[PDB]
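This document opens with one chain alone, in structure tokens, the form deposited in one PDB entry.
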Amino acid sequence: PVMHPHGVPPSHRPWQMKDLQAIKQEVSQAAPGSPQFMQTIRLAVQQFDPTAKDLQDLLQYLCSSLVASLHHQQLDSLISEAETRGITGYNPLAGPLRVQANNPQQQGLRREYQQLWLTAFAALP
């Protein structure tokens, strides 16, 4: 999660097991892929403002290894397509998008990464 304390720069903090349990319960209160599901996962992403690594770690906790890998596969294709067209605040010279999305200061890029990560569920059966 990325914290936004008043005044000081934003900072990253690891998931707490209670955070992940809370998200798991909220998500499990809706059928996977359903409109209420996608709404719940999006609201959880808003709550914790996670980095790219945070999002990967969350799915690793929520889903089976192969299903989380399927998401990663779908997201990688979305990222490639997004990189071809250009992404807000992304210069390939500063490193891979997934790595840049882990810099707490790059909010605009993190938020766009979050939207791509959310979009990649559109395939998850």
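Start at 1 with the first residue shown and count on from there. Shifts are known only where both forms have a C-alpha. Each form is matched to the other, and the largest set of C-alpha atoms that superpose within 1.5 Å is called the rigid core.
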**Fill in**
Between 50 to 58 and 87 to 95, the record assigns the higher mean Cα B factor to 87 to 95
**Complete:** Mean Cα B-factor check, 65 to 73 vs 35 to 43, entry values; winner is 35 to 43
**Prompt:** Compared with the other modelled residues in the chain, in which third is the CA B-factor of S80?
**Reply:** middle
**Prompt:** Among the modelled residues of its chain, does the C-alpha B-factor of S11 lie in the lowest, middle or highest third?
**Reply:** highest
**Request:** Sort the modelled residues of this chain by their C-alpha B factor and say whether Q114 lands in the lowest, middle or highest third.
**Result:** lowest
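This protein has a second form, the form deposited in another entry, left out of what is shown; the following refers to that one.
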**From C63, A30, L78, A94, residue displaced between this form and the one not shown - CA threshold 2 Å or more, rigid core** = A30
**Asked** Closer or farther: the CA pair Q46/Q29 in the other entry, versus this form, with a change of 3 Å or more?
**Response** farther
**Request:** Using the rigid core for the fit, write out the stretches of 3 or more consecutive residues with CA shifts of 2 Å or more between this form and the one not shown, ordered by sequence.
**Result:** 27 to 37
